[PDB]
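Following: one structure in structure tokens, then a few remarks.
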Amino acid sequence: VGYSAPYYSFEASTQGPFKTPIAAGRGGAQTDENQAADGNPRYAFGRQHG
Amino acid sequence: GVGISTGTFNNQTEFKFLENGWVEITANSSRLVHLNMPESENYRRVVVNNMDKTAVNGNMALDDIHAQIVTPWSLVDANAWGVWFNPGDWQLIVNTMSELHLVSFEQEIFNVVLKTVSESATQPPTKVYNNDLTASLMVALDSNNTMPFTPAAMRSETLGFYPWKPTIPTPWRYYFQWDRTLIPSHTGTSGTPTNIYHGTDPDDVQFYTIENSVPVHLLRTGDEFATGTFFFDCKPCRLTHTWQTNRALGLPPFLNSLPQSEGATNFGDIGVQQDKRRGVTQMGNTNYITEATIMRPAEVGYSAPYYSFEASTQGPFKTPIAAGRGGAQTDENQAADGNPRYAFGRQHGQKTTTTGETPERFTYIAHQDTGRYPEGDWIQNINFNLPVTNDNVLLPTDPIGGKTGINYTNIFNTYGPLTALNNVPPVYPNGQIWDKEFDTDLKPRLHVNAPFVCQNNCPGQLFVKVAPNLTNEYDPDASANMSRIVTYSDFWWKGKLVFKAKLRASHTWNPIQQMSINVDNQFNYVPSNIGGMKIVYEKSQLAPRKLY
Amino acid sequence: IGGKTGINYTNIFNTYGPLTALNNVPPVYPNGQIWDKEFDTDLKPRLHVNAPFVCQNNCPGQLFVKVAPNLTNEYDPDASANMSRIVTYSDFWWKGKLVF
Amino acid sequence: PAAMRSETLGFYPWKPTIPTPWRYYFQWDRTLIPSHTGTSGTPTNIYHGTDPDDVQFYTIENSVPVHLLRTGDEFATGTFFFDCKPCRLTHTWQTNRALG
Amino acid sequence: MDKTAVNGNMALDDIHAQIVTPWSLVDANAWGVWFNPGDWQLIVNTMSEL
Amino acid sequence: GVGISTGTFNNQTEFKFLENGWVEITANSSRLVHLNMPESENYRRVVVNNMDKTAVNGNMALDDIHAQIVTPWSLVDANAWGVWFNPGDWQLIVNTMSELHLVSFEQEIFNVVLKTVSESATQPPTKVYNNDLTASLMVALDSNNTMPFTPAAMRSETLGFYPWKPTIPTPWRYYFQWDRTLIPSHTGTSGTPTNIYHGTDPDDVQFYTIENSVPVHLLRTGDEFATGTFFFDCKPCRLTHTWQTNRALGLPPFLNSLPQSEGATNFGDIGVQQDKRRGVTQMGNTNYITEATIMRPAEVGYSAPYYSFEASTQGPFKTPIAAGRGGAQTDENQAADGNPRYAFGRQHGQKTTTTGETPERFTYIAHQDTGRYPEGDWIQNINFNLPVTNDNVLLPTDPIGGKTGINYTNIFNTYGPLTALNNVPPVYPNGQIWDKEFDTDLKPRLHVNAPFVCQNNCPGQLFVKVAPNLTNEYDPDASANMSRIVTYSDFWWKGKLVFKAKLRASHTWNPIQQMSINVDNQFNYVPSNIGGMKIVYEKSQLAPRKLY
Amino acid sequence: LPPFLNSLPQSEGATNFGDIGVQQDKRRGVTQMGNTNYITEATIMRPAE
């Protein structure tokens, strides 16, 4: 159930580096805002959307 | 019969346009095949041991130890692009179609001839060629695909590529199980690493004979043979390449400032602080939204270990990769892994009139940008404090295992549930057309050697052999070697491959990349004053396609 | 690893393989995207980390809008200048209907 | 998808909104070598330009039929059906450690 | 380039080329466009698949 | 009506493949046309006399004297390749079709708007634009082709070539008969050669008005107009060029000796004395059979006088030629006669963002080798004694009339009953598509300005005009000038051209010449950071065809 | 198509000519004189003879 993937891994092809995506992050017993990790998405937005 | 031809020569490829932009390409190929009696009339079980070469520490990749069964039969293989299309036809396909479908295959043997060389050992020792009218050619079509599959194109051993040049089949041989152990080492590795050929696991043993498995046909001059039509089962082949990288997927950032003047330095500018932008990332602990940082839907391509040899029951083997690199960074000089290399002879592209035995070769750099610049890769500690500190980064520059010529990219693997890749593009003319899937529970998502893998059913292989032309003396109980009349046969082979293609449509304002003759390549498409011929390789997914 | 003290084997680690079981991404209300277009790639990704719904064979097409040019009395197509327009703007009502 | 930039229609029915300026990626070639704080020198950081075979310039005018609507007019897309596996509204909690 | 010009800042890369068009995009693909906190509660607390 | 659109924008070109390799191309073109009220509301009869310029001896070719009728109407012309296809589409046609058929044409006017400029002569003098809801646009389609035919493409005055850039029609004017006499002279010609504008032959007088001849339509916002479908009558256009010269027709000489080795100097050799060979010639008094001498069936191309001005009733005019040269010998430097030159603006190819009023231009060098190298020509006395003697030869080098810069090739003409030539190839994007035949008893075998000439029937011209928007004061008996409200109109024009094409087939082993983007031309097919656009011209009969 | 006159007579008069307003070597249009920029009425391209 789940898998391990390289973290804060930038890969590079024909147009510059890019972050390697992960299907799920963590959080729970160990991660909260403080137990911050990879895989969890972050949303930034304005007055029209929240 | 004796004075009657049993067939027709046909090397015409027809293009028949249907409705709704579908063409039906039917490639006819005809050759004169020359065939000699077998070295022996036996099956031979031979081992190849170059232990001496691997005996040098640091040379493991030079390993060639194997066991194989040598058979008295020859294989007629026509699965290579060059057998069916010429530079002319390829241009048509490649510049105007957008996808290819392999539909069927048929082949037939006609106008068989058997002669016997008689030497009138004279002053100037002479030899008379005579027709053996009642002699037979032996034909076997393994349509139930019993025999192990051996695509002659991985050895540049297919029929030849020119309709006005006679050809020959290859001696059929197949791998026989063996057990071998080889421990890697390097220049100056004290000692002698184990390098052992253990032998054969009895439970892995399978000796196959044509005679016991396929029905054999004897054809005399008057006879003829024809395979019927075989239909393949295969997903279509795209004739277009993709160019978008993770870096080019979706909505670009809105530029708050646009160039006011033309000029290679008059850039536009996002107008917003990288730590003050809106959008999505997968960096839960950061407020920086950059193009390297912003979220993309999946990953195009993947990272795999390079110049990685793996080892199982029979020796080391190179780990295969689905796509190499090349472009901005790799040319012949920016040489990498993943790009295939083709070596071949006079029958398949090496200039005909060229003297010398060095194969003709080429490294294929596709056009779909789906590979990697390992040199641009970097791992960096999760705190993400930015001008990253030498010990919160792993650069393709830092050494692993203390080896200075090894970095984490050589052992790296970023394949996973978000990987998106494309099958392999066609390599004209040296590339194989179709391949047999592995009879494995779980199968490979692609084959790096043919764009077409037939799953449930493939055409069976065609085996040929001069039947034994005994002399008056023959004693089956002698421990000697059967003495035969020197016989050879010439027959005509005619094959028919049908494809289905779809015509491309322009969708951009700007023109596309097309194959075209020019003052620099021109002479590669016409004979020499000597009649020398050559067949330069070409690319196939010239036009772009949007990935997303 | 590599003698870097702030890097360990987990940062370069990968245990994805033929026994991996995972689930697609959950919906993010209200900022998350609903649907996404699959990649026109031979082999496709098992999921998309940005939308729980990827439409394969067919997706709704995009909708583009624009005020057509409201020219003034003076207009010279062969001038290397910039077309002069009457300051126009438009307001319209958009109505959409999504069924689940 | 305008949602990866938080550029969708707005979320409140009683607040007027606006569409986003449409733009799309154009092929380019760039090289950037990683480095760190105190990396002697200046790592290659080059914008090479465009592979001509990767070039695709698209225009709306040449590709889609354009509709001019005046006040009296109206426009309607018809109904589009999606093709998508269902989305689960439940989470799993079992780890390899809790199976069987 | 100026920003990446600082060693250790590669992840701050934003170099790209794009086509700027005179058209606007009407995009409504975000949850917030179709449901309110009220509706979301209903879906999420009582349905099991969507 | 007022708030209702009466039309649709469409600039999509569709390619619909039929059976047996026939495509049906349907080119949709849409533009926003801007139109102003007329200078005057009258027909004007004006003469242009640049006598002063021709007044310089040696400047006759600079002649511009003519009479014309100036009309209050504008012409909507869309006959230029660039109006219907983009670089993208052209590549498709040109690289994959082998012949083109122009089938039909339709055009319509919609979404009409009329505004009136009101100036609030303020501090900073202002002006308000208001809609004149009851005002009318006047449309006239001369479908009986009454008016004299005036293809706007010979002046680079067609609709513009980009769908996202508004355009304008041209002020319609037509030639009015005049009589003029100009005697040629040269630098230092004593005296003043007659240079007279005699006036008009009364029997050659034809004053035409739109109002009296075509039905006029008044369209208000709510209205719309549509021409119906017109079918053309025209022979097909070939998309291939020929390359064979008289020198390459038929059976080559049998070579009695062939190169034994490869080598740019290892030639083969006919083995027979030029005066001892078999074969046919038309040199009844000679036994020499050479490639320049042996008989060919007819002649490909012809020789015509060069930089020849002829004179009739209205001034001198350049003698036209069906094909120029270029290739081995002519490039921009090996400049010659017969090749057309195109001058144009920002609306038709000149870079958009370029400042400066010099037209953008280009000389078109076709690909069909059907022209001449006058420099290689020679006349030689019938005795044919060979190392010909200076006075039994006329070389492009000897002077005629004692002029040292004139030779017999400039006055030479070898057109005759054995001449074979091809019609003119298409010039994308500045070239005209179709042309009206001459209503002459005997007609020209071709037109050097359009590959398509419609004989029996052509689409009629489309005339547009803002109707008079009078003010409160208007006195028809005043010798003054009618005072009008400053009105202008914007309307959308939509045209539809349908073609029929046939797909090409490979017939040679070697690839063909195809149009393709590359690192050197790439930036000519995409906008600038400023949005500058340009439309570089292209060639059209790229692939070869055998002549015989 | 005759050349578009950028200047028209303002007064009646057998000498009140109109004038093309453009330099013969700066005009748009077609010719068959590949090596020249002069577009005049004797020079401009006609369809046949």
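Numbering starts at 1 and runs along the chain as it is shown here.
Recorded method for this deposit: X-ray crystallography, 3.0 Å.
In case you wondered, yes, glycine gets a Cβ from its N, Cα and C as well.
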B:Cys237, B:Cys454 - which one Swiss-Prot pairs with B:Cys458 by disulfide: B:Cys454
Rounded Cα separation (Å) that holds between B:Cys458 (disulfide bond) and B:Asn144 (Mg(2+) binding site): 9
Which same-chain residues, if any, lie at least 6 apart from B:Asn144 (Mg(2+) binding site) yet have Cβ under 8 Å of it: B:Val214, B:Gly460
B:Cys454 (disulfide bond) CB neighbourhood, other CB atoms within 10 A: 20
Coarse DSSP state, helix versus strand versus coil, of B:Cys454 (disulfide bond): strand
Secondary structure of B:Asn144 (Mg(2+) binding site) (DSSP, helix/strand/coil): coil
